[PDB]
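Laboratory data are not the source of any read-out in this text; all were calculated from the coordinates shown. Quick reminder, even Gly has a Cβ in these numbers, built from the backbone with ideal geometry, and neighbours come from all protein chains shown.
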Amino acid sequence: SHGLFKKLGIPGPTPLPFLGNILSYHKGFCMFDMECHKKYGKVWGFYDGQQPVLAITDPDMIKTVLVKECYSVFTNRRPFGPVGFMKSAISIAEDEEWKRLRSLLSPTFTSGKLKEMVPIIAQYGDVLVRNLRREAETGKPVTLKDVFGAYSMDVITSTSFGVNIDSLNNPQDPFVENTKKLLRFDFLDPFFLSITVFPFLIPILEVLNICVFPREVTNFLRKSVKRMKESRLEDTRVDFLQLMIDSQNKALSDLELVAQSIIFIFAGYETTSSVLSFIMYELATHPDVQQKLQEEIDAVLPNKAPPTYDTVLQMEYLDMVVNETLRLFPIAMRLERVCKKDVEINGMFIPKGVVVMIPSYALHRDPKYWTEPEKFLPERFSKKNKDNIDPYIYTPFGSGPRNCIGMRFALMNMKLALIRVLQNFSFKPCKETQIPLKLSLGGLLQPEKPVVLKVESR
Ligand SMILES: CCC[C@@H](CC[C@H](Cc1ccccc1)NC(=O)[C@@H](NC(=O)N(C)Cc1csc(C(C)C)n1)C(C)C)NC(=O)OCc1cncs1
Ligand code: HEM
């Protein structure tokens, strides 16, 4: 079975019985992919335990699996562990169910609805600047994840559900406290290690009602959503929560609604707050880029003018800065599609069962497509070098019918935060700042030490 790639004539490292290549993950699965790419070329194969995985790096091959063959062969992401009713969450859902969730939820983030969100978000950007000023009035080291997390939770909850939970004025906010415990995947956790390696365990666990997400956290998020939806129905603006009630009056069940809500809560909070922290980390450590960003905001928005939808969009360098951070810190380190039948794509035979894997981290740092791939140089994303960058090599939000539904939301939300912040403050590194930033070898894209900076006024 570990002789799949040999028989197919596909290069790749040599697997150990049972574990496969899993122990090559010890120095992070990102440096695993990079090392394999450099060594094997555009295509290689490996085994997450028994699960065979095919890694692809040729752009057209990527376009085929991501776009052309989505509905026909590559509809689904890897099955990953015991998930319970969260098996209905759009990102985890398969086939027909993903299909009907995708068109139910996709109208969430249209131009019109995105434009209506600005006033709401600008309000939380004002509380954010007020909070950062306190940390600036003292010169106290600030954990970026804390402050930007509270902001992001406030934005997603308000824009998604129409509710103010005032997380920004509330240190011990149940919403933040629970959500950051929601997923804590670790290769060092025998639980996550075991199901990562030996997937035959999973169906046993689903019976036992065991789940990758902690019970206390899903219960809390379940009753919080029950509450918020009960509110909406008792009141006498169409958002994500309203759309899902419309489909209740096939055939969306209550549990399926909470699933979608937990996904949206998690992305809004965790991904948004993380990307903001990496962006600010790179500004602090690149003082002139911070300076140059500060001057666009001034040129476009003079006399501390409030950002609007179109002012955000006119801002080229702020955009350059964000793309450059996503290039260095892609939240999804790999994109994955399960191959659900035998197919030949770009004169290459892929069998049913294999996980087709696109190593975004590696491709974002390939010396082939990027000169000085390892540094922070926003210029590489200029109006001029715009059709240099291949859309299938640079995939921070993925591609095709299963790309990020919240992409323009998160881009707008982050830029609105960045604009408010940078028109008031300056971020400098301290002794408490880890330079260079090392990433955790554990799970998601997170720093090994939390991002800690000082905040100066203007
Ligand atoms: C509530 C939490 C559920 C998780 C679980 C599904 C997810 C797949 C996914 C990732 C990114 C965007 C969309 C879907 N899984 C992961 O996040 C995993 N990480 C990955 O992204 N990988 C697939 C890479 C990876 C890490 S370990 C591994 C195997 C060796 C087991 N593969 C976790 C478990 C570490 N995802 C989720 O809900 O994502 C919502 C988002 C949308 N946009 C940004 S976040
Ligand atoms: C900077 C923040 C974010 C980054 C970097 C990001 C990135 C991604 C990536 C790379 C994918 C997978 C695409 C693929 O497989 O090709 C994805 C999936 C998804 N994302 Fe985003 N995301 C972000 C924030 C959000 C937000 C704010 C939401 C909405 C609240 C969101 C909702 C989704 C959903 C629902 C999916 C799965 C879509 C599907 O399977 O049909 N993410 N995210």
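Under 18 Å from a point placed 7 Å out from the Cα of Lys375 along the Cα-to-Cβ direction: which residues of segment 419-450 have their backbone N that close?
436-437
Points 7 angstrom from Cα along the Cβ direction at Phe185 and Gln434: gap in nanometres?
Placing both labels 7 Å beyond Cα along the Cβ direction yields 1.9 nm.
Once you've got the Cα coordinates, tell me which of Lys87/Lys229; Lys383/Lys449; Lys99/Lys341; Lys145/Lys375; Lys42/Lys340; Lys63/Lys87 are over 25 Å apart. Numbers along the way, then the final one.
Values: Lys87/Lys229 21 Å; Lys383/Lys449 35 Å; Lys99/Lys341 19 Å; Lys145/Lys375 23 Å; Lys42/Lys340 22 Å; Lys63/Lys87 27 Å.
Over 25 Å apart, Cα to Cα: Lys383/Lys449; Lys63/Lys87.
Give me the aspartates and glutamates in straight-line cross-link reach of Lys292: C-alpha distance below 17 Å, same-chain residues under 8 apart excluded.
Straight-line reach from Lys292, under 17 Å: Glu282, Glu316, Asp319, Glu324, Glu379, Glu456.
Find how many whole Å separate the alpha carbon centroid of segment 23-81 from the alpha carbon centroid of segment 345-415.
Here the answer is 14 Å between Cα centres.
Per 0.36 nm of contour for each residue apart, how much would the distance between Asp58 and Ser231 grow if the chain were fully extended, relative to their Cα-Cα spacing? Before the final figure, lay out the partial values.
On the way: separation 173, 0.36 × 173 = 62.28 nm, distance 4.99 nm.
Here the segment from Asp58 to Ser231 would lengthen by 57.3 nm.
At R0 = 41 Å, how high is the FRET efficiency between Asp166 and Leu208 if r is their beta carbon distance? Nearest 0.05 is fine. Before the final figure, lay out the partial values.
Working: r = 38 Å, r/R0 = 0.94.
FRET efficiency, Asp166 to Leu208: 0.60.
Using 7 Å Cα-to-Cβ label points, what is the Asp366/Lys352 separation (nm, one decimal)?
3.1
Using per-residue counts of other Cβ atoms within 10 Å, averaged over each peptide, order 350-363, 285-298 from highest down.
Numbers: 350-363: 21.0, 285-298: 16.1.
Order by mean packing, descending: 350-363, 285-298.
Under 18 Å from a point 7 Å along the Cα-to-Cβ line of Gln291: which residues of segment 313-342 have their amide N that close?
317-318, 321
How big is the chain on each of its three principal axes, counting only the C-alpha atoms and giving the largest first in Å?
67, 55, 38 Å, listed from the longest principal axis down.
For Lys68, give me every one of the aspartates and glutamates with a C-alpha distance below 16 angstrom, ignoring sequence neighbours fewer than eight places off in its own chain.
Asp58, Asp60, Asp95, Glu336, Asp342, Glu344
For segment 1-67, what log10 I(q)/I(0) values come out of the Debye formula at q = 0.23, 0.25 1/Å, with one point per alpha carbon and no solvent?
The calculated log intensity ratios at q = 0.23, 0.25 Å⁻¹ are -1.03, -1.15.
Within segment 428-458, whose backbone N sits under 15 Å from a point 7 Å along Cα→Cβ of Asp298?
Answer for this model: 457-458.
By the scheme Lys and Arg +1, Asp and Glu -1, what is the net charge of all other residues having a beta-carbon under 13 Å from that of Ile393? Mind showing how you got there, number by number?
Numbers: positive: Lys42, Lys63, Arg327, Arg365, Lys368, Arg380; negative: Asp58, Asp60, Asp366, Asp387, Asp390.
Counting the neighbours of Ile393, the net charge comes to +1.
What FRET efficiency comes out for the pair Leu23/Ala251, r = Cβ-Cβ distance, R0 = 41 Å, nearest 0.05?
Values: r = 45 Å, r/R0 = 1.10.
Efficiency, from the Cβ-Cβ distance: 0.35.
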